[PDB]
Every structure is written in C-alpha cells, then in structure tokens.
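# Experimental structure and sequence below, a few questions after.
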Amino acid sequence: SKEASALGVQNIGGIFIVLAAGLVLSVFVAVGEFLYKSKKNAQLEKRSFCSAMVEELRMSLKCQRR
Amino acid sequence: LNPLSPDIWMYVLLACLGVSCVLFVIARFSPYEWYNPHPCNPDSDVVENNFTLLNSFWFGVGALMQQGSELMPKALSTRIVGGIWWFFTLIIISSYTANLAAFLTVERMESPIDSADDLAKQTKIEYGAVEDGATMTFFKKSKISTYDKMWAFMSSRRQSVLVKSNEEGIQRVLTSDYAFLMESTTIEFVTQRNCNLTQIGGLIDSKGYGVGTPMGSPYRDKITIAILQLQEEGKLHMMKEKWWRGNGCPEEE
Amino acid sequence: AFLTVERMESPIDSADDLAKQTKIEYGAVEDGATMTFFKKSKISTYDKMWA
Amino acid sequence: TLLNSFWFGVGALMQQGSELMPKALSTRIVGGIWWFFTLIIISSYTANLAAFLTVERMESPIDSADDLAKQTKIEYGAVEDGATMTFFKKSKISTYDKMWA
Amino acid sequence: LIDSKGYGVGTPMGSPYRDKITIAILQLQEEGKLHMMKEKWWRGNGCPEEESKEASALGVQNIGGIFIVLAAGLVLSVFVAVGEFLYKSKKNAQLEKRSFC
Amino acid sequence: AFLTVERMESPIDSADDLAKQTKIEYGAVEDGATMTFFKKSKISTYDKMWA
Ligand SMILES: *[C@@H]1O[C@H](CO)[C@@H](O[C@@H]2O[C@H](CO)[C@@H](O)[C@H](O)[C@H]2NC(C)=O)[C@H](O)[C@H]1NC(C)=O
Ligand SMILES: *[C@@H]1O[C@H](CO)[C@@H](O)[C@H](O)[C@H]1NC(C)=O
C-alpha cells in the first residue's frame, strides 16, 4: 500500500530506539546517584531509608524554596 | 512538511512533549540540581529548581530547533536526557535537509518529452490523432523513418486512442496522458485560451492556407499582389494578434 | 547523497524502460502468439524487443 | 528594548542565539514559532543551493524577441542594409519599432 | 520566427511553366523528397550535450560577492561608529562644554 | 554536490550502464568480426555504442 516517499519508521525509526535506550538508562542512573547521595548523607546521618524519605518528601511538595 | 511523512511529524512533537515530561520528573527527582541562584547568597534555604513544566517544555523545543535555551542542567541524570535528545535533534534536522534536497534534485532533473523523436520511443504516452483526414494521411503516405514508426503505434490502436474530433481530442488530453496531433494553427488557438496546454515540438509539415480561385481566374495574380503587400505593412501579422490572443497565461507570472 | 540515487530507481513499470535495459532479460513462449506478435508488429519500442 | 528585540530577530535567524530568552508565555511562543521558522528557511536554502550544484539547468538570458526588447546590455545589430534590416524599418509593430530605435 | 516569407522557383511574367512547377513542388511534399533534401544538405555533424559536470570548489566567480556585502558591512559599521560617538559627546554636552574635550 | 555526482555515476556494470556515459573509452579493434556485429546490430543499446 506504498513504495516509500518521505522517510518513515522503516527508514529513520531506529533513532527512536536509541532515544528509548537513553531515557531508560537515565532513570537507572537517576536512582544510582540518589542512594549515593543518601550514602553521602549517611556519613553524619543515620540509616539512609528515612533520609531518602526526606529526599522523597522534597519531591512531593514541588515548590521547595528551602 | 513534504520531505517527511506525517507519521513522523505526529510523533516528534509528541516526543518533544514526551522528553519534556520525562526530564521534568528526573529534575525533581535528582539532588544535583539545587545550587545557589544569585551565588552571593550566604544560606541554605535558597535552593533552586528552575526546571518547570513550562521550562521542560521550553528546553525541548529550544534544543529541537537548534537554537539553545537557558536551562543548562548539572545532574548527570538530567544531562543524559538532554544528551540523547541532542543526538535525536541532529538526525531529524539533517535528514530534513537531506530529503528536501532530494525533492529539488530530482524535480530539476525531470525533463519532459520535447521533440517528435522524444515521443518516438514512449509508448507509455499514446499518440492518437484527429479523424481520418488531413493530419492522419500525412503519416500514412510518409516514408520518414521517424513518422513511419508513429504510424505503427496508431495501427495497433484503433478504436479510441484515435478520436474523431478536435474538441474530443482536446478533452482526451485534459483527462489522460494523451498527446494530440493537430494542425499547428488551432493548437495556438486552444493553448492561448486554456493555459493548461502547451505546443510541444516544432513544426513537422509546412503547408499553408490560401485565398484560392477557380481555374484560370484572372483575380488570382491580383490577389497574389495583395497578400504580398500585406506582409510589409504588417496588417496581416496584426490580424494574427487580433483573433488569437485573448487571455494570456501566468507562465510569465 | 543516499536519498537521490534511491529516488531515480524505476522498478520498471512500462515496457519502454524494459526495452532499454538489456541487463534484465525478456521472455516469451517460443513460437507462440507472442513471437507471432512482436515480429509482425512495426512499433518502434516493440521492434527493439524483437531484435 | 527596541534594539534588543531587533537583536533577537537576527541572532535567532543566524543560528547563534542571544541573551534575551524569555520566561512569560506571551514572548515564549513568538520566540518558539520563529525558531521553527528558521530551520525551514536555512535548510531549504542549503537544499536549493545543493540542488543547483548537481544537475545544472542551463538557461539563456533572452528567450523571445520580447526578452531582447529590454536588454540594451545585449546588443542587437543585424546583417547589411537589405532583406533583414528593412523589415524592421518598414514595420509598425510596437516591439520591432523599439528594436529599430 | 518573426516573418513568414518564402523562397520560390520563379518564372518570367506570363510564363507557362509556372503552373507546371506549381504542380511540381505541391507533389514533392507528400512523397517527402523535398523534406528529405532538407535532411540532405543541412545536417552534417550533430551537437553533443552530456556528462553533468559538478561545480568543483566554488571560487570568487561563484561565491565572491558574499565578501562584497561583508565589505559593505564593515564600512557601514565604522560610519555608525562615529555616528553614536558624537551623539554621546552631545549626550555628555548637557553637562559638558567645548565638545572637542 | 560532490557526493551526489559520484554516486549517480555507478561503476561499469554491463553494456547498459557502459552505453550511457562516454567518459570510459569504448573498446573495439578496427575491422574485426566483433566490430562487424556492432555495425549491423539492430538493438539501439548496441547501436548507441556504434553511434
Ligand atoms: C498530472 O495532472 C493530471 C491532471 O490533473 C493528472 O491526470 C489524471 O489522470 C488520470 C488517469 O486516468 C485521470 O483519471 C484523472 O482524471 C486525471 N486528473 C484530472 C484532474 O483530470 C495526472 O495524474 C497528474 N500526474 C501525472 C504524473 O501525470
Ligand atoms: C485549467 O486551468 C483552469 C484555470 O487555471 C482551471 O480552472 C482548471 O481546473 C484547469 N484544468 C484542470 C483539468 O485542472
């Protein structure tokens, strides 16, 4: 129902796959440095669960200014 | 929009909406995006998150159009998002420059049929002619090797590639890829007053229309002196501009 | 430079390009109505096919 | 300002950027649609100039007698006083009269 | 084609060979020997057109006018450099005397 | 512009592609049985070689 005219997924669509590979790798390194800073907090703090809760309490309010 | 398919266009602005919402989450999620705005500020309760849903939409469209913004993240998890999005921008625009080059380099190469010899090979474009008579029997009585091969195409294709009237032949060109053969005068009358037609090719025959007398009539030389006067004082060519040009065509526009 | 040689490809449609390219080959049942036709025709394109 | 708004109207077109990049929606979209405008101009200009240097379409300066009616850069002339010349002198055609001038 | 006159065989006045030659040429156009002689004494060589040569390495003959509009830019820039220079010297001169100072 | 003229012009594949461009010199010993074939051939693809 075609031959080709104008650069479809059959031509260019693999650039979205390496885009999809980028976003998935970005979230995986998002939690990678998240518990790292929770360990960088844990030099003076306690166990990094409730310290990460403050690191997730700050995500909840969405207007921090603190 | 023609150098790209609209299936690409309908996703890529949604992908810009897609990369806007994803980067806005990670910016709120990461701790390395909270430095000091106005860095002279000597305190702790001043942490910034200049990333907004407005700004995450803005960094997408600002980077996609190859211009820049003022967003400039610091966290690696927010930098890899813009990093691959920069690698997606460079492809989709250089491909857009490629295919827009591709249309304009093949349309300029596209040369139509020009001469009678150019129609000698193309059996895709069908000749035809007018009704059996003046234009036709020149081809039949010819011995020219080009025009003989034209008659062979018309020999195999009786019953309506060979139409029987002028305006029917005008109608057959205007619908299909038909290429009508005709007396070169009445082509100038239709092409002037259609602006959808063109006289392709030159002039095959060189016969002419005359005044004419009966046999041995003594008015003939008096009319032979007449027309041969009309061409110097130009009233004959002035009447060629009288009854032929009526509209003009936007080919010059 | 890729998308311009890919455009001009004619996945041959009518017999006229099929009359030009002698790389790809024609075909007919021998001594059929087809050999009867393209011999006894005089058409410019089809005479190149008979040659 | 009136200088800077003109200054954003050039550096954005020239693929360079500036330091004006706004925050209110009313001035964002004007900057947004200009940024979509500036790739359709330049890349097509890159496409068309790449379209000239490949498949050259040779053209003549004049095409008709009317095209030579205005160009006094290209000079007419003719043959010796006689057959071709005296047609132009004895004519009353408004095109060919200007050729005789 | 501007004019449409033609070359003929021609006779003296009242010569009776004229109609016999009028029947002659008007026979020659159907059997095509008249047009065959137009292909006899006119075509001798033929003309070529080929090879689609690339415009290798654009010179001044191609691109060099971009330096002229560059040269037009620098000269206009120095002219408006002194244009605002004495303007600010006048903007100083609502506090200042002897504007050469 | 360089890369769109060096890729349209394919290398020498067969007598079809070798007929169109004339930059590559056609090969013929003068007055041979090979040249006898191409002077009397009727396929225009082979006659464009002869032309
Ligand atoms: C060029 O334009 C013509 C006219 O618009 C197109 O001609 C069509 O041809 C088909 C063939 O049977 C007819 O059924 C249509 O009715 C024609 N169109 C019209 C408006 O009459 C043609 O398709 C166009 N393209 C090409 C490549 O020739
Ligand atoms: C011919 O041109 C006229 C005027 O431009 C237009 O109205 C008409 O549709 C054209 N013919 C076809 C078949 O499109």
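The structure has been received and is ready for your questions. Numbering: from 1, shown residues only, chains lettered A, B, ... in the order given. Ligands and ions are numbered 1, 2, ... in the order given.

# Spell out, range by range, the helices that occur in the chain.
Let's take chain A. A:9-12, A:14-41, A:48-61 (DSSP state H).

# my bad, the chain I had in mind was chain E
E:18-28, E:33-38, E:60-63, E:65-92.

# Reformat the ones you listed into CSV and put distance to chain A next to each item.
C-betas here are computed from N, CA, C, even on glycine. Shown next, in CSV, are the helices of chain E (distance: least, CB to the nearest CB, whole Å):
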stretch, distance to chain A
helix E:18-28, 53
helix E:33-38, 45
helix E:60-63, 30
helix E:65-92, 32
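
# Just tell me which of those helices ends up closest to chain D.
Smallest distance to chain D across those (CB to the nearest CB): 8.9 Å, for helix E:60-63.

# So the closest one, near chain D or not?
No - if you take CB under 8 Å from any CB of the partner chain as the test, helix E:60-63 misses chain D, and the best it gets is 8.9 Å.

# In terms of secondary structure, what does that helix contact?
Helices and strands touching helix E:60-63, by 3 or more CB pairs under 8 Å, 6 or more residues apart in numbering or on different chains; DSSP states H and E: there are none.

# what comes into contact with that helix?
E:55, E:67 (CB atoms under 8 Å, 6 or more residues apart in numbering or on different chains).

# follow-up on the earlier one: closest one to chain D among the helices of chain A?
helix A:9-12 (15.9 Å).

# Just the CA trace of the closest one, in PDB.
What follows is helix A:9-12, C-alpha atoms only, in PDB (Å, rounded to 0.1, in the frame of the first residue of the first chain):
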ATOM      1  CA  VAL A   9       9.900   4.300  10.600                       C
ATOM      2  CA  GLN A  10      11.200   1.800   8.100                       C
ATOM      3  CA  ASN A  11      13.900   4.400   7.200                       C
ATOM      4  CA  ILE A  12      14.500   6.500  10.300                       C
END
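
# close to chain D, is it?
No - Helix A:9-12 does not reach chain D (CB under 8 Å from any CB); its nearest approach is 15.9 Å.

# re earlier: using TSV, lay out the helices of chain A together with mean neighbour count.
Listed next are the helices of chain A as TSV, based on neighbours: other CB atoms under 10 Å in any protein chain shown:
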stretch	mean neighbour count
helix A:9-12	14
helix A:14-41	15
helix A:48-61	13
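
# who's in contact with the closest residue to chain B within chain A?
Using CB to the nearest CB, the closest approach of chain A to chain B is made by residue A:22 at 3.1 Å. Residue A:22 makes contact with B:80, B:81, B:83, B:84, B:85, B:87 under the criterion CB under 8 Å, 6+ apart.

# The helix or strand where the last one lies near chain A anywhere?
Spelled out, it's residue B:87. In this assignment (DSSP states H and E), residue B:87 forms part of helix B:76-106. Yes - Helix B:76-106 reaches chain A (CB under 8 Å from any CB) through B:76-77, B:80-81, B:83-85, B:87-88, B:91-92, B:95, B:99.

# quick one: buried residues of the helix or strand just after that helix?
Next helix or strand after helix B:76-106 toward the C-terminus (DSSP H and E): helix B:134-140. Residues B:135, B:136, B:138, B:139 are the ones in helix B:134-140 that count as buried (16 or more other CB atoms under 10 Å in any protein chain shown).

# now, among those residues, which is nearest to residue E:96?
residue B:135 (91.9 Å; CB to CB).

# Right, and ligand 1 sits closest to which residue of chain A?
residue A:5 (13.7 Å; CB to the nearest ligand atom).

# circling back: between the helices of chain E, which gets nearest to ligand 2?
When these are ranked by proximity to ligand 2 (CB to the nearest ligand atom), helix E:33-38 comes first, at 35.4 Å.

# Chain A against chain B: which residues are in contact?
So chain A meets chain B at A:5-9, A:12, A:15-16, A:18-19, A:21-23, A:25-27, A:29-30, A:32-34, A:37, A:55, A:59, A:62, A:64-66 (CB under 8 Å from any CB).

# Could you verify my assumption that residue E:93 touches residue E:99?
Yes - between residue E:93 and residue E:99 there is a contact under CB atoms under 8 Å: 4.9 Å.

# Can you pick out the residue with more neighbours from the two?
Under the criterion of other CB atoms under 10 Å in any protein chain shown, the comparison of residue E:93 against residue E:99 puts residue E:93 first, with 13 against 10.

# Can you tell me which residues in chain B are near chain E?
Counting by CB under 8 Å from any CB, chain B sits next to chain E at B:138, B:141, B:142, B:143, B:144, B:205, B:206, B:207, B:231.

# Show me the two of those that sit farthest apart.
It's B:143 and B:231 that sit farthest apart of the residues of chain B next to chain E, by CB to CB, at 33.3 Å.

# more crowded one of these two?
Shown here are residue B:143 and residue B:231; by other CB under 10 Å, residue B:231 has more neighbours (15 against 11).
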